[PDB]
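> fold the following.
(2 chains)
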There are 2 protein chains.
Amino acid sequence: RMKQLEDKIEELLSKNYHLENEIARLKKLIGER
Amino acid sequence: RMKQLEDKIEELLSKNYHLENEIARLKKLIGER
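Numbers count the residues shown, from 1 in each chain, chains lettered A, B, ... in the order given. Below you will find the coordinate block:
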């Protein structure tokens, strides 16, 4: 089912995006003392 | 085209797994920096 696969991709992209945001927060912190 | 979508999912899972490893590595580094 295509919508089911498309939903799964959408869910993984969303996770990916959230993971990148966490990485960006962690690197911001590393930039301070 | 379903195999194409299924491939994309495998590729996003792999990307996401690697981001989780990077997060783990960043948190360790912040704990020792």
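> can you tell me which residues in chain A are near chain B?
With the criterion set to CB under 8 Å from any CB of the partner chain, chain A comes near chain B through A:2, A:5-6, A:8-9, A:12-13, A:15-16, A:19-20, A:22-23, A:26-27, A:29-30. No exception for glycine: its C-beta is placed from N, CA and C like everyone else's.
> now, which of those residues lie within strands?
Secondary structure from DSSP state E places none of those in strands.
> can you say which of those are buried?
Among these, those buried by neighbour count (16 or more other CB atoms under 10 Å in any protein chain shown) are A:5, A:8, A:12, A:15, A:19, A:23, A:26.
> run through the residues that contact the residue nearest to the second one when sequence neighbours are not counted.
Yep, that's residue A:8 we're talking about. The shortest distance from residue A:8 to any residue other than its chain neighbours is 5.6 Å, reached at residue B:9 (CB to CB, 6 or more residues apart in numbering or on different chains). Residue B:9 makes contacts with A:5, A:8, A:9, A:12, as judged by CB atoms under 8 Å, 6 or more residues apart in numbering or on different chains.
> residue A:13 now?
With contacts taken as CB under 8 Å, 6+ apart, residue A:13 has the following neighbours: residue B:12.
> just the helices in chain A please.
Remark: helices of chain A, listed N- to C-terminal, are A:2-30; assignment by DSSP state H.
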